[PDB]
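Student: Structure in structure tokens, see below.
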Amino acid sequence: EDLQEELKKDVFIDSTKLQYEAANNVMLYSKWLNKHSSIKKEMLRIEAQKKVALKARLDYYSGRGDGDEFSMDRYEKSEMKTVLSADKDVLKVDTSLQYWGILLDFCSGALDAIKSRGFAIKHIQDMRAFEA
Amino acid sequence: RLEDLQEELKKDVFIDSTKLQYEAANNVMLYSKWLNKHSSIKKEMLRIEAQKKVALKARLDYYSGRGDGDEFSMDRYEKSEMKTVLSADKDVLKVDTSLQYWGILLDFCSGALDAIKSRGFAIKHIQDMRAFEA
Amino acid sequence: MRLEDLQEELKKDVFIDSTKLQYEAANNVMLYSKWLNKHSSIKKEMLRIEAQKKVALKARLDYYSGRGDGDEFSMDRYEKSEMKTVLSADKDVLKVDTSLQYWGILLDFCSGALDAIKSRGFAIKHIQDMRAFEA
Amino acid sequence: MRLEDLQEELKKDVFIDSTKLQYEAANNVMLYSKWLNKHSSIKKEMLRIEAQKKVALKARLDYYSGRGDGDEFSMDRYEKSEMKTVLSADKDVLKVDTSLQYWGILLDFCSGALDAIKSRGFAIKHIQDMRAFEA
Amino acid sequence: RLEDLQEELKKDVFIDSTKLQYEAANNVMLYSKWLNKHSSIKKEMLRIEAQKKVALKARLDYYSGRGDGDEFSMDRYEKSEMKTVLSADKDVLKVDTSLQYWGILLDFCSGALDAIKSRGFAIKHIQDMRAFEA
Amino acid sequence: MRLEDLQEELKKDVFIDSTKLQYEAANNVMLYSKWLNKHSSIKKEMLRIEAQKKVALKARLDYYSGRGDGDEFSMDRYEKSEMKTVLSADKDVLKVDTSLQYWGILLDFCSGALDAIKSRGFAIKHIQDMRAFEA
Amino acid sequence: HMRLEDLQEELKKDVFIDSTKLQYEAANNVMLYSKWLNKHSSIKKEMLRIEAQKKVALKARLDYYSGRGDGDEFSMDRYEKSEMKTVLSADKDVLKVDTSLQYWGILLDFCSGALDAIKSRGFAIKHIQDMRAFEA
């Protein structure tokens, strides 16, 4: 919600300082690039945790046990995709991770906006200069 | 470190309007600078790419019963179970986490090259609005 | 070819002598050619190596699958699903693909080099414009 | 045609004579055309080579699949999954594709030449601006 | 023939320095001539693409065991083999080459439009250099 | 519309009457319009034909996939890997796509027409300038 | 609504240049630019609305054909996932909303053409003002 709110404020243009906005637009691209890249770094950390959780759970459900517990439901291969997926522990990491996937995806749009706000800024110079 | 690349780029894109011409000529120098980082990163990742390719097989032997040295797994994992196991493997996970990290840095540098390419565009716009003052 | 020396090379090229702006405009088309030349020359090398890689890859696929590669044969009895993984780690594959991919990076670099110069020509023009403004 | 011989050709072509700017501006479109001619004749060649390649591929597809290719038959009993690798390394296949890709090196370079020449006219245009101001 | 288009364009882009006003006007006229060739070629290719689409099916029948006339294939080709088999097929290859031959032509006619657009530019450029003495 | 009629008309349009430079300059904006009408109106047609085709593709697909299209069913029992080839060659589809693809050529010719005229205006100024120069 | 002939006819009348009121036409030219610029933007409002219907209609129809639709209509012909893209396009409602969607794009596209003409018409007027100095 903070990302929607941040970009919303940023893409609006001060018509009176166009030379400044032309310069600051690149400054905004950077800013969103900075968040974008750290999130991927984050997702990489979270995705790594996810790789471990499925195996730990893979052991448990298959009878290799993960702690002091073993599954008695004797799940088959046809049942496995659902079971791990519905698992409380795996779900938490997948839930968090996918959230970041959304966070990351918004920043793509932000870069799309900023690339074009910079375009729009030149346009105004152009659309105004015509009256001359 | 990511903090060293993000912040450095931050510094680069700010434009001194009173020295518009310096920035215009120098802007091409920034592109060059990052293109150097970019390429140097890929060089690293390619080396890690080899390490991972060796690590995955080495571990694949271990778990599959072909052994990894004097070691063999007792968990008798099956082929349908295999992708998950290597993916969660200590030895593999370290290199892949390592490998992906530079890849992210690599990914940051593409954006910089977008930024710098457009800073060069932004600079001309400023010249134009100034020439417009005329 | 070495990457840093290409890096070292491009760096000198993008520098602009403002005292020779007509010359630099003319010089720019020559730099484009030169990097255009490198670019195509990298492809010739990679194509040759990629032919070695295809030869190495066939040989190792035979080796590991039990058809043997020379006077030598693998006893680890790998299956078809296991082959992709093993071949990637294969010393001969690994050595050549590493080399193959390495030039590709130099290939990817000369594109960057060509993007730098193709746009450098504008930057030279940008400078001229700000000057007519000073007038 | 040779790759490096075109590079030298482009090398001479991109040179700009400061004493003959009207000529250079006019002759520049003549350069686009000429390289526009090389680019197109190369493609025509690739059309002939790629047809041979597709034929080599079928003949070899038969051979390794056990249908025999002329008076020869493959005894290695390659499977469907293995064929892609094997065909790529096959000498008959490899020779035509190597040749085909070589023009590909040539094709792309001529594209670059047209790009250099496209802006060389601007570089030519660039200098005029610097001259009238110098006046 | 491709060689007929090459020789023609060569003749076209040549610029008569002494009759510049005329050449500025004719350049727009040349765009037309080549624009006419270009579209007529797409016209040609449109016919061939219908021919090619018909052949792949007729041949598809032959190789798939459905027969293409009074004939049937004994090679028992699998799905993995088909793209290759059809591609190398005498009937398919003949029509597709023709399409490709024209495709090569079409792109040359485009290149010609690239030329004419900038010949128009160069013409103005030269006039400026004329005013340069004056 | 016929393609040759577009070619014949455009040819007539781009001609420049030197003895009437003031008129040709003004009228040039009037030509953009005429072809602008063609371009948009052509699209209007293709938009209708595209609809005829989308319905045809479904109708024949049903036929061939065995859902039947009328009182008819294909006994050739075509598969998924085979369908795109089969539908593409279909007599009814082939007739409609040809139609659609043909109007596309007209559309594109008009884009070229718009390319041509838009620069003809540049040409008109240039000539005038060379006249003002001789003046 | 809007008709293409009305945009064509409107634009046609708009770009014609009165040589005798050239100072005026210079003033009149900018008045045209705003007007189409407003049309350009006004068409976008319609398409954004119709396209929204299409996002829903396709979604409503995809459910229908896949069997998740629950109304008084149900798809019994059992279409598969590879077949859906093909089928949905031919759907009576989808075809109509798409036809509608595609149409406004053309009116939209015409104003862009219209704006390039007027954006540049101002220049042509400036040229003629100038060609007089040659007679001068």
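By convention here, the chains of the structure tokens are called A, B, ... in the order presented, each chain's residues are numbered starting at 1, and ligands are numbered starting at 1 in the order presented.
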Determine, counting only C-alpha atoms, which protein, DNA and RNA residues have an atom within 12 Å of an atom of residue 76 in chain D; residues of the same chain fewer than 5 positions away are not included. Present the result as number ranges by chain.
Tutor: C: 61-63, 65-68; D: 63-66, 82-83, 86
Student: Would you mind exporting N, CA, C and O atoms of the selected residues as an mmCIF file, in the first residue's frame?
Tutor:
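Done, and the output landed in out-v6.cif:
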```cif
data_model
loop_
_atom_site.group_PDB
_atom_site.id
_atom_site.type_symbol
_atom_site.label_atom_id
_atom_site.label_comp_id
_atom_site.auth_asym_id
_atom_site.auth_seq_id
_atom_site.Cartn_x
_atom_site.Cartn_y
_atom_site.Cartn_z
ATOM 1 N N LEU C 61 27.861 -38.041 -24.271
ATOM 2 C CA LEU C 61 26.559 -38.673 -24.243
ATOM 3 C C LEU C 61 26.718 -40.155 -24.570
ATOM 4 O O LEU C 61 26.085 -41.007 -23.954
ATOM 5 N N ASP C 62 27.565 -40.468 -25.546
ATOM 6 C CA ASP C 62 27.833 -41.860 -25.848
ATOM 7 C C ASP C 62 28.472 -42.543 -24.667
ATOM 8 O O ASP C 62 27.986 -43.577 -24.194
ATOM 9 N N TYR C 63 29.551 -41.934 -24.188
ATOM 10 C CA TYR C 63 30.300 -42.436 -23.043
ATOM 11 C C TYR C 63 29.404 -42.828 -21.869
ATOM 12 O O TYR C 63 29.386 -43.984 -21.458
ATOM 13 N N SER C 65 26.143 -43.091 -21.654
ATOM 14 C CA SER C 65 24.989 -43.934 -21.978
ATOM 15 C C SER C 65 25.400 -45.376 -22.246
ATOM 16 O O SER C 65 24.554 -46.260 -22.396
ATOM 17 N N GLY C 66 26.699 -45.621 -22.287
ATOM 18 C CA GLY C 66 27.176 -46.977 -22.445
ATOM 19 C C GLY C 66 27.623 -47.351 -23.841
ATOM 20 O O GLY C 66 28.051 -48.486 -24.061
ATOM 21 N N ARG C 67 27.573 -46.402 -24.773
ATOM 22 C CA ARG C 67 28.029 -46.667 -26.137
ATOM 23 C C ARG C 67 29.532 -46.472 -26.264
ATOM 24 O O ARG C 67 30.102 -46.736 -27.323
ATOM 25 N N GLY C 68 30.159 -46.001 -25.183
ATOM 26 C CA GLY C 68 31.599 -45.782 -25.124
ATOM 27 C C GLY C 68 32.173 -44.675 -26.001
ATOM 28 O O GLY C 68 31.758 -44.471 -27.148
ATOM 29 N N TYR D 63 19.028 -41.995 -41.079
ATOM 30 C CA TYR D 63 20.209 -42.763 -40.737
ATOM 31 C C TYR D 63 20.235 -43.195 -39.267
ATOM 32 O O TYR D 63 20.309 -44.394 -38.970
ATOM 33 N N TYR D 64 20.179 -42.236 -38.345
ATOM 34 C CA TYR D 64 20.307 -42.580 -36.924
ATOM 35 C C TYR D 64 19.068 -43.306 -36.397
ATOM 36 O O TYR D 64 19.150 -44.035 -35.402
ATOM 37 N N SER D 65 17.926 -43.098 -37.051
ATOM 38 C CA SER D 65 16.660 -43.707 -36.620
ATOM 39 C C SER D 65 16.507 -45.144 -37.126
ATOM 40 O O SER D 65 15.503 -45.796 -36.838
ATOM 41 N N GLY D 66 17.468 -45.608 -37.923
ATOM 42 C CA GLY D 66 17.492 -46.993 -38.363
ATOM 43 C C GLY D 66 16.957 -47.266 -39.759
ATOM 44 O O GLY D 66 16.857 -48.423 -40.174
ATOM 45 N N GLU D 82 17.789 -38.725 -27.496
ATOM 46 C CA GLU D 82 19.217 -38.509 -27.722
ATOM 47 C C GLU D 82 19.523 -37.884 -29.079
ATOM 48 O O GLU D 82 20.634 -37.406 -29.295
ATOM 49 N N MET D 83 18.533 -37.857 -29.973
ATOM 50 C CA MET D 83 18.737 -37.523 -31.397
ATOM 51 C C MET D 83 19.240 -36.101 -31.641
ATOM 52 O O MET D 83 20.126 -35.880 -32.465
ATOM 53 N N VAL D 86 22.989 -35.871 -31.143
ATOM 54 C CA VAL D 86 23.677 -36.654 -32.155
ATOM 55 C C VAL D 86 23.682 -35.964 -33.521
ATOM 56 O O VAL D 86 24.724 -35.867 -34.163
#
```
Student: DSSP on the backbone, then: every residue of range 9-68 of chain A marked alpha helix (DSSP H), written as JSON, numbers by chain.
Tutor: {"A": [9, 10, 11, 18, 19, 20, 21, 22, 23, 24, 25, 26, 27, 28, 29, 30, 31, 32, 33, 34, 35, 36, 37, 38, 39, 40, 41, 42, 43, 44, 45, 46, 47, 48, 49, 50, 51, 52, 53, 54, 55, 56, 57, 58, 59]}
Student: With a distance cut-off of 8 Å and only C-alpha atoms, select the neighbouring residues of range 49-55 of chain G, excluding the residue or stretch itself and same-chain residues fewer than 4 positions from it, and output the selection as number ranges by chain.
Tutor: G: 45, 59, 94, 97-98, 100-101
Student: For the residues selected in the previous step, produce a file with N, CA, C and O atoms as a compact mmCIF listing (two decimals), in the first residue's frame.
Tutor:
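New file selection.txt:
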```txt
# COMPACT_ATOMS: atom_id res chain seq x y z
N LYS G 45 -11.79 7.31 -22.65
CA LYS G 45 -12.74 7.03 -21.57
C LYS G 45 -13.71 5.91 -21.95
O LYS G 45 -13.97 5.00 -21.16
N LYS G 59 -14.08 -13.31 -18.98
CA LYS G 59 -13.96 -14.04 -17.72
C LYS G 59 -15.26 -14.81 -17.47
O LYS G 59 -15.23 -15.99 -17.11
N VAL G 94 -18.41 -11.90 -26.87
CA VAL G 94 -17.02 -11.49 -26.91
C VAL G 94 -16.72 -10.82 -28.25
O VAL G 94 -16.05 -9.78 -28.32
N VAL G 97 -18.33 -7.28 -28.17
CA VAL G 97 -17.61 -6.34 -27.31
C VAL G 97 -16.23 -6.07 -27.91
O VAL G 97 -15.75 -4.94 -27.87
N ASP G 98 -15.59 -7.09 -28.46
CA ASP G 98 -14.31 -6.88 -29.11
C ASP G 98 -14.45 -6.01 -30.35
O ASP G 98 -13.64 -5.10 -30.57
N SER G 100 -16.71 -3.84 -30.90
CA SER G 100 -16.88 -2.53 -30.28
C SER G 100 -15.55 -1.97 -29.77
O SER G 100 -15.23 -0.82 -30.04
N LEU G 101 -14.81 -2.75 -29.00
CA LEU G 101 -13.50 -2.31 -28.53
C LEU G 101 -12.57 -1.90 -29.67
O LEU G 101 -11.94 -0.84 -29.62
```
Student: Find the residues near residue 2 in chain G: any atom within 10 Å, counting only C-alpha atoms, skip ones fewer than 2 places away on the same chain, and give them as an MDAnalysis selection string.
Tutor: chainID G and resid 4:7 43 104 107
Student: Need the shell around residue 33 in chain D: protein/DNA/RNA residues with any atom at most 9 Å away, counting only C-alpha atoms. Skip same-chain ones fewer than 5 positions apart. Format as a list in words?
Tutor: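 So, after excluding close chain neighbours, the residues are residues 28, 38 and 114 of chain D; 6, 9, 10, 13, 111, 112 and 115 of chain E.
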Student: Do you know which residues are at most 8 Å from residue 45 in chain F counting only C-alpha atoms, after dropping those on the same chain fewer than 4 positions away, and could you put them as a JSON list (two decimals) with C-alpha atoms, in the first residue's frame?
Tutor:
```json
[["chain", "number", "residue", "atom", "x", "y", "z"],
["F", 41, "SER", "CA", -11.80, 3.00, -43.62],
["F", 49, "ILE", "CA", -13.41, -9.61, -42.03],
["F", 103, "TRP", "CA", -6.75, -5.70, -47.09]]
```
Student: For residue 66 in chain G, list every protein, DNA or RNA residue within 9 Å, evaluated using only C-alpha atoms, and leave out those in the same chain fewer than 6 positions away; present the list as a list in words.
Tutor: residues 74, 75, 78, 79, 80, 81 and 84 of chain G
Student: Within 12 Å of chain G, which residues of chain A are there when counting only C-alpha atoms? Please give them as a list in words.
Tutor: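 Only these qualify: residues 126, 127, 128, 129, 130, 131 and 132 of chain A.
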Student: Create the file for the chosen residues now, containing N, CA, C and O atoms and written as a PDB file, in the first residue's frame.
Tutor:
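Output saved as selection.pdb:
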```pdb
ATOM      1  N   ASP A 126       7.508  20.278 -25.711  1.00  0.00           N
ATOM      2  CA  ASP A 126       7.087  20.276 -27.106  1.00  0.00           C
ATOM      3  C   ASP A 126       5.687  20.838 -27.347  1.00  0.00           C
ATOM      4  O   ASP A 126       5.493  21.668 -28.239  1.00  0.00           O
ATOM      5  N   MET A 127       4.719  20.384 -26.553  1.00  0.00           N
ATOM      6  CA  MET A 127       3.334  20.809 -26.729  1.00  0.00           C
ATOM      7  C   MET A 127       3.143  22.296 -26.424  1.00  0.00           C
ATOM      8  O   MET A 127       2.252  22.941 -26.983  1.00  0.00           O
ATOM      9  N   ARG A 128       3.971  22.832 -25.531  1.00  0.00           N
ATOM     10  CA  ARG A 128       3.949  24.264 -25.224  1.00  0.00           C
ATOM     11  C   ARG A 128       4.645  25.121 -26.276  1.00  0.00           C
ATOM     12  O   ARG A 128       4.098  26.128 -26.742  1.00  0.00           O
ATOM     13  N   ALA A 129       5.843  24.684 -26.658  1.00  0.00           N
ATOM     14  CA  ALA A 129       6.685  25.380 -27.626  1.00  0.00           C
ATOM     15  C   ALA A 129       5.980  25.665 -28.945  1.00  0.00           C
ATOM     16  O   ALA A 129       6.368  26.581 -29.673  1.00  0.00           O
ATOM     17  N   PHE A 130       4.937  24.899 -29.247  1.00  0.00           N
ATOM     18  CA  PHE A 130       4.177  25.113 -30.473  1.00  0.00           C
ATOM     19  C   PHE A 130       3.456  26.462 -30.521  1.00  0.00           C
ATOM     20  O   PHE A 130       3.407  27.094 -31.580  1.00  0.00           O
ATOM     21  N   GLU A 131       2.902  26.911 -29.400  1.00  0.00           N
ATOM     22  CA  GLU A 131       2.224  28.206 -29.395  1.00  0.00           C
ATOM     23  C   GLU A 131       3.212  29.325 -29.734  1.00  0.00           C
ATOM     24  O   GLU A 131       2.893  30.224 -30.517  1.00  0.00           O
ATOM     25  N   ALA A 132       4.409  29.239 -29.154  1.00  0.00           N
ATOM     26  CA  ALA A 132       5.524  30.139 -29.461  1.00  0.00           C
ATOM     27  C   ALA A 132       5.108  31.611 -29.513  1.00  0.00           C
ATOM     28  O   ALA A 132       4.838  32.156 -30.584  1.00  0.00           O
TER      29      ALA A 132
END
```
Student: Would you tabulate, counting only C-alpha atoms, all residues of chain E that have an atom at most 8 Å from an atom of chain D, showing the closest pair of atoms and their distance in Å to one decimal, sorted by chain then ascending number, as a Markdown table?
Tutor:
```
| residue | atom | partner | partner_atom | distance |
| --- | --- | --- | --- | --- |
| E:2 | CA | D:41 | CA | 7.9 |
| E:6 | CA | D:37 | CA | 6.0 |
| E:9 | CA | D:33 | CA | 7.0 |
| E:10 | CA | D:33 | CA | 6.3 |
| E:13 | CA | D:30 | CA | 6.4 |
| E:14 | CA | D:30 | CA | 6.8 |
| E:15 | CA | D:26 | CA | 6.4 |
| E:75 | CA | D:67 | CA | 7.5 |
| E:80 | CA | D:80 | CA | 7.6 |
| E:81 | CA | D:61 | CA | 7.6 |
| E:84 | CA | D:58 | CA | 5.8 |
| E:85 | CA | D:58 | CA | 5.8 |
| E:87 | CA | D:54 | CA | 6.3 |
| E:88 | CA | D:55 | CA | 4.9 |
| E:93 | CA | D:51 | CA | 7.3 |
| E:97 | CA | D:47 | CA | 7.2 |
| E:100 | CA | D:47 | CA | 7.2 |
| E:101 | CA | D:44 | CA | 7.1 |
| E:104 | CA | D:40 | CA | 6.6 |
| E:105 | CA | D:40 | CA | 7.9 |
| E:107 | CA | D:40 | CA | 7.9 |
| E:108 | CA | D:40 | CA | 6.4 |
| E:111 | CA | D:36 | CA | 6.5 |
| E:112 | CA | D:33 | CA | 7.5 |
| E:115 | CA | D:29 | CA | 6.4 |
| E:118 | CA | D:29 | CA | 7.3 |
| E:119 | CA | D:29 | CA | 6.2 |
| E:122 | CA | D:25 | CA | 5.9 |
| E:123 | CA | D:26 | CA | 7.6 |
| E:125 | CA | D:125 | CA | 6.7 |
| E:126 | CA | D:22 | CA | 5.4 |
| E:129 | CA | D:22 | CA | 6.7 |
| E:132 | CA | D:132 | CA | 6.7 |
```
Student: Can you spit out the residues from that selection as a short mmCIF file (atom, residue, chain, number, x, y, z; two decimals), in the first residue's frame, using N, CA and C atoms?
Tutor:
```
data_model
loop_
_atom_site.label_atom_id
_atom_site.label_comp_id
_atom_site.auth_asym_id
_atom_site.auth_seq_id
_atom_site.Cartn_x
_atom_site.Cartn_y
_atom_site.Cartn_z
N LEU E 2 16.68 -10.52 -57.93
CA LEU E 2 17.20 -9.62 -56.89
C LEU E 2 18.17 -8.61 -57.50
N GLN E 6 18.73 -4.51 -57.22
CA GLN E 6 19.99 -3.90 -56.80
C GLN E 6 20.48 -2.86 -57.80
N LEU E 9 18.12 0.34 -57.76
CA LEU E 9 18.28 1.26 -56.64
C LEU E 9 19.58 2.05 -56.78
N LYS E 10 20.67 1.37 -57.15
CA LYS E 10 21.95 2.03 -57.39
C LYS E 10 21.76 3.26 -58.27
N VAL E 13 19.54 6.14 -56.20
CA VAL E 13 20.00 6.99 -55.10
C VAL E 13 21.05 8.02 -55.53
N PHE E 14 21.55 7.89 -56.76
CA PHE E 14 22.53 8.85 -57.24
C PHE E 14 21.88 10.25 -57.29
N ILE E 15 22.62 11.25 -56.83
CA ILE E 15 22.11 12.61 -56.68
C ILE E 15 22.79 13.60 -57.61
N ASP E 75 7.81 -45.21 -44.01
CA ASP E 75 8.83 -44.87 -43.02
C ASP E 75 8.28 -44.77 -41.59
N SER E 80 7.89 -36.64 -33.41
CA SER E 80 9.16 -35.96 -33.21
C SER E 80 9.91 -35.75 -34.52
N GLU E 81 9.58 -36.55 -35.53
CA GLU E 81 10.33 -36.53 -36.78
C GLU E 81 9.74 -35.59 -37.84
N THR E 84 11.10 -31.94 -39.43
CA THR E 84 12.24 -32.23 -40.29
C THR E 84 11.86 -32.86 -41.62
N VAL E 85 11.00 -33.86 -41.56
CA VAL E 85 10.60 -34.63 -42.73
C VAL E 85 9.89 -33.74 -43.74
N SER E 87 9.96 -30.47 -43.86
CA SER E 87 10.82 -29.37 -44.27
C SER E 87 11.68 -29.78 -45.44
N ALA E 88 12.15 -31.02 -45.42
CA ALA E 88 13.07 -31.51 -46.45
C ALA E 88 12.31 -32.06 -47.66
N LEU E 93 9.54 -27.67 -49.86
CA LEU E 93 10.75 -26.90 -50.10
C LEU E 93 10.68 -25.97 -51.31
N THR E 97 10.75 -21.98 -50.60
CA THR E 97 11.87 -21.22 -51.16
C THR E 97 11.36 -20.00 -51.93
N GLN E 100 10.34 -17.55 -49.70
CA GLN E 100 11.56 -16.97 -49.11
C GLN E 100 12.30 -16.10 -50.11
N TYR E 101 12.24 -16.46 -51.39
CA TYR E 101 12.94 -15.68 -52.40
C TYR E 101 12.34 -14.29 -52.47
N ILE E 104 13.07 -12.20 -49.42
CA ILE E 104 14.35 -11.54 -49.54
C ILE E 104 14.17 -10.26 -50.34
N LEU E 105 13.39 -10.34 -51.41
CA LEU E 105 13.03 -9.17 -52.20
C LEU E 105 12.30 -8.11 -51.42
N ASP E 107 12.39 -7.36 -48.28
CA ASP E 107 13.28 -6.62 -47.38
C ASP E 107 14.21 -5.68 -48.16
N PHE E 108 14.60 -6.06 -49.37
CA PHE E 108 15.41 -5.14 -50.15
C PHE E 108 14.61 -3.91 -50.51
N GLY E 111 14.69 -1.68 -47.59
CA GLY E 111 15.97 -1.00 -47.54
C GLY E 111 15.98 0.19 -48.48
N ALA E 112 15.47 -0.02 -49.69
CA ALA E 112 15.32 1.08 -50.62
C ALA E 112 14.56 2.26 -49.96
N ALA E 115 16.74 4.15 -47.81
CA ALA E 115 17.62 4.96 -48.64
C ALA E 115 16.95 6.27 -49.08
N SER E 118 16.47 9.06 -46.51
CA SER E 118 17.65 9.83 -46.17
C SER E 118 18.26 10.54 -47.37
N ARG E 119 18.02 10.03 -48.57
CA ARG E 119 18.44 10.76 -49.76
C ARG E 119 17.73 12.11 -49.72
N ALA E 122 19.80 14.13 -47.29
CA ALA E 122 21.09 14.51 -47.84
C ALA E 122 20.95 15.66 -48.83
N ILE E 123 19.86 15.66 -49.59
CA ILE E 123 19.59 16.70 -50.58
C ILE E 123 19.53 18.06 -49.94
N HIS E 125 20.87 18.72 -47.05
CA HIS E 125 22.20 18.91 -46.48
C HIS E 125 23.13 19.58 -47.49
N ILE E 126 23.09 19.08 -48.72
CA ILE E 126 23.95 19.61 -49.76
C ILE E 126 23.62 21.06 -50.08
N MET E 129 25.23 23.39 -47.74
CA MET E 129 26.64 23.58 -48.04
C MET E 129 26.77 24.55 -49.23
N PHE E 132 26.56 27.79 -47.86
CA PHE E 132 27.74 27.99 -47.00
C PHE E 132 28.78 28.92 -47.63
#
```
Student: Just how far from CA of residue 11 in chain B is CA of residue 125 in chain A, in Å to one decimal?
Tutor: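 Spanning CA of residue 125 in chain A to CA of residue 11 in chain B is a straight-line distance of 26.7 Å.
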Student: Just how far from CA of residue 70 in chain C is CA of residue 77 in chain D, in Å to one decimal?
Tutor: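 Separation of CA of residue 77 in chain D and CA of residue 70 in chain C: 17.7 Å.
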Student: For a test of reading the model, state the distance in Å between CA of residue 37 in chain G and CA of residue 130 in chain G, rounded to one decimal.
Tutor: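 So the two atoms, CA of residue 37 in chain G and CA of residue 130 in chain G, lie 27.6 Å apart.
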